[PDB]
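To keep things clear, I will list the structure first and then write my remarks on it.
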Amino acid sequence: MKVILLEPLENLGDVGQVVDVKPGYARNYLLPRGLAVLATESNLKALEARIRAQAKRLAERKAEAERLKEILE
RNA sequence: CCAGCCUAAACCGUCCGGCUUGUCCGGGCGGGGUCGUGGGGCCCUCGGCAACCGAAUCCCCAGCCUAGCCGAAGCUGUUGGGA
Ligand SMILES: [Mg+2]
Ligand SMILES: [Mg+2]
Ligand SMILES: [Mg+2]
Ligand SMILES: [Mg+2]
Ligand SMILES: [Mg+2]
Ligand SMILES: [Mg+2]
Ligand SMILES: [Mg+2]
Ligand SMILES: [Mg+2]
Ligand SMILES: [Mg+2]
Ligand SMILES: [Mg+2]
Ligand SMILES: [Mg+2]
Ligand SMILES: [Mg+2]
Ligand SMILES: [Mg+2]
Ligand SMILES: [Mg+2]
Ligand SMILES: [Mg+2]
Ligand SMILES: [Mg+2]
Ligand SMILES: [Mg+2]
Ligand SMILES: [Mg+2]
Ligand SMILES: [Mg+2]
Ligand SMILES: [Mg+2]
Ligand SMILES: [Mg+2]
Ligand SMILES: [Mg+2]
Ligand SMILES: [Mg+2]
Ligand SMILES: [Mg+2]
């Protein structure tokens, strides 16, 4: 069972991270407690989004602060 | 006997719901697509088509079905209860 978890669990790993688990642990616990989600191709593709989103957002907030330093120095 | 066809998916637009604004997550609608010389999508170059095909869908008609109608040519005698 592949599931991207939405919470840092000492068991599995950190948020957003994808990891393998026994189906039971997922179907009967992680899933209902919302702690994690199915690594479905649909959701997985949407996870590639948040990465690119903030990979841009950060590589631009900092990218803009590259000119401010380019003048005060 | 005779005959071949429509979609799902990639792709684009829209509507509603969702987030952490992304050619992004889902749902419905429309466009796109449909085959084994493998085909389609998206990009570059040629018509930027009159045309050529065309129904298993509609519309009119013929025909046919459910009543009908026209239709040739004979008389006499005889037996017999009756020709
Ligand atoms: Mg489908
Ligand atoms: Mg598509
Ligand atoms: Mg669109
Ligand atoms: Mg859509
Ligand atoms: Mg709607
Ligand atoms: Mg909305
Ligand atoms: Mg959409
Ligand atoms: Mg469609
Ligand atoms: Mg078509
Ligand atoms: Mg079509
Ligand atoms: Mg084809
Ligand atoms: Mg080219
Ligand atoms: Mg052209
Ligand atoms: Mg052309
Ligand atoms: Mg023209
Ligand atoms: Mg006729
Ligand atoms: Mg007939
Ligand atoms: Mg009749
Ligand atoms: Mg008569
Ligand atoms: Mg008669
Ligand atoms: Mg006599
Ligand atoms: Mg007689
Ligand atoms: Mg007599
Ligand atoms: Mg007689």
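Residue numbering for the first sequence is 62 to 134, as defined by the working numbering.
The beta-carbon is built from N, C-alpha and C at its ideal position, and this holds for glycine as well.
Identified DSSP bridge partners for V64: Sequence index remark: in the first sequence, residue 64 carries index 3 (1-based). Looking at the DSSP assignment, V64 forms a beta bridge with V80, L99.
Classify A110 as buried or exposed, calling it buried when 16 or more other Cβ atoms lie within 10 Å of its own Cβ. Numbered from its first residue, the first sequence carries residue 110 at position 49. The residue is exposed, with fewer than 16 neighbouring Cβ atoms inside 10 Å.
For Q78 and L66, believed in contact at Cβ under 8 Å, the rounded distance: Looking up residue 66 in the first sequence gives position 5. Looking up residue 78 in the first sequence gives position 17. Contact holds; Cβ gap of about 6 Å.
Could you give the DSSP three-state label for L92: helix, strand or coil? By one-based count along the first sequence, residue 92 stands at place 31. Note: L92 maps to coil in three-state DSSP.
Measuring straight from C-alpha to C-alpha, what distance separates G95 and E102? Indexing the first sequence from 1 puts residue 95 at position 34. Indexing the first sequence from 1 puts residue 102 at position 41. Their Cα atoms are separated by approximately 18 Å.
Straight-line CA distance for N72 to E131? Counting from 1 along the first sequence, the entry for residue 72 is found at position 11. Counting from 1 along the first sequence, the entry for residue 131 is found at position 70. The straight-line gap from Cα to Cα measures roughly 46 Å.
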